[PDB]
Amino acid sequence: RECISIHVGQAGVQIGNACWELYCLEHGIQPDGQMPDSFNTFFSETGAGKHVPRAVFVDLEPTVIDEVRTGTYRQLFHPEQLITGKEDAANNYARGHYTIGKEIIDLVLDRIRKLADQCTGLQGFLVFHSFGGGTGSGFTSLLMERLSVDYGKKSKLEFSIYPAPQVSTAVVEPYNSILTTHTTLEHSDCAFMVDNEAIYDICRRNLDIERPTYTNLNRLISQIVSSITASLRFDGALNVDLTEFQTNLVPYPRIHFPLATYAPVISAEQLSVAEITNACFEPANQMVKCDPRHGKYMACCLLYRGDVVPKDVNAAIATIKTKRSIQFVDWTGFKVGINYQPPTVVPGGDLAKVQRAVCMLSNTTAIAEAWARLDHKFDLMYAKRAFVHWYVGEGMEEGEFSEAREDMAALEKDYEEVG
């Protein structure tokens, strides 16, 4: 039944804020957890009547989580599941994984166990974190290593924020990104990357926001997160368990990074099933910048929500296989899920309410282009050993850079061999 969500570092926490705000609205839960059962997968029940997120928030500095402790949702979460140290990772993977992360890892695991003990049938973890921060990269890797030992049979899914220069505040983010991808890869069953540049560009072009904040980005992200996790929270027929994500999206265990494409995104200022389904193959709606026409599809799911008749999905799917050139690897279907509840948007938000929406999850080799971009920026800096001393002085050996990079080159080769 149960899933535990874990939010790590600034990006993971602030996106978590936006996801649980939306979840609460989707399920009729007030910010104090009261509600005048499907979502029990994500919420425990007190029986004062209080529905509490099965969620943990962790940061090595207190400032972002202090805002959760004193905001609108100050009463929603278990307060012992809001966990903070005092000195952050300083944009340094090594400090998040070794020298600073080590001071709080045991507390975090003991607090996760407390959640896990209230579960009769825990499925696993959803882990939210940036690639670019020291805590999002390094403490996440550490936590995923411990979770693999302490919960060996449980699934682990990630929602991972891929860095963009528009909102970057550290030159070393390509290092942290490759270091954490290397050390998390064997411990993660399926990971959904969110390119901040793709979300930024959607906000500017579809929502007419001149300078997107986090908040703008995070509300859009959380609509996409919600469409992905809705099957877990509304007893669907597709992706009913965490294990099914791997089955349906990851036919190859290292290549476990599906592309999300979401439509329609409409400014607060109606499209048919065929129209929103066609919009799933337009690059401007992708959550990661890359070109699926230059790659091969290995698996595809279409997750509809709202006023969606199954026959109209079947017809629209027929049209696009008979018009577009959607090349599937030879070792070729669409899996379909329909949630009949209308999409919810936040009161505050930049998004119009729509009558029907869809999220396509496609495992395409074209996402290798996103890796190639990170790898190339890694290579430029590493060749001069720029900034490497910051890592070697914080509990890490220099050979871990080249091990991480060779692992990325293998991953790029994995993509080339499937097509």
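Numbers for residues come from their place in the sequence shown, where the first is 1.
**Student:** Look at the stretch from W331 to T332 and count the residues of the deposited sequence that the entry does not model, then pick none, 1 to 3, 4 to 9, or 10 or more.
**Tutor:** In the record, 1 to 3 residues between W331 and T332 lack coordinates.
**Student:** How many residues sit between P36 and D37 in the deposited sequence but have no coordinates: none, 1 to 3, 4 to 9, or 10 or more?
**Tutor:** In the record, 4 to 9 residues between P36 and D37 lack coordinates.
**Student:** With respect to the recorded C-alpha B factors, which stretch has the higher mean value, 39-47 or 365-373?
**Tutor:** Between 39-47 and 365-373, it is 39-47.
**Student:** Name the higher of the two by mean Cα B-factor in the PDB entry, 250-258 versus 213-221.
**Tutor:** The deposited B-factors put 250-258 ahead on the C-alpha mean.
**Student:** Could you check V313, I276, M298, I161 and tell me which one carries the biggest Cα B-factor in the deposited entry?
**Tutor:** Most elevated C-alpha B-factor of the set, per the entry: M298.
**Student:** Would you mind checking which of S141, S227, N92, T169 has the top Cα temperature factor in the PDB entry?
**Tutor:** Most elevated C-alpha B-factor of the set, per the entry: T169.
**Student:** Divide the modelled residues of the chain into thirds by Cα B-factor and specify which third, lowest, middle or highest, holds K154.
**Tutor:** Its C-alpha B-factor belongs to the highest third of this chain's values.
**Student:** How does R113 rank on Cα B-factor within its chain, lowest, middle or highest third?
**Tutor:** CA B-factor rank for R113: middle third.
**Student:** Lowest, middle or highest third: where is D88 by C-alpha B factor in its chain?
**Tutor:** It falls in the bottom third of the chain.
**Student:** Going by the recorded CA B-factors, say which third of the chain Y73 sits in, lowest, middle or highest.
**Tutor:** For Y73, whose C-alpha B-factor we compare with every modelled residue in the chain, the answer is the highest third.
**Student:** In terms of the CA temperature factor given in the entry, to which third of its chain does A55 belong: lowest, middle or highest?
**Tutor:** Within its chain, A55 is a lowest-third residue by C-alpha B-factor, going by the deposited values.
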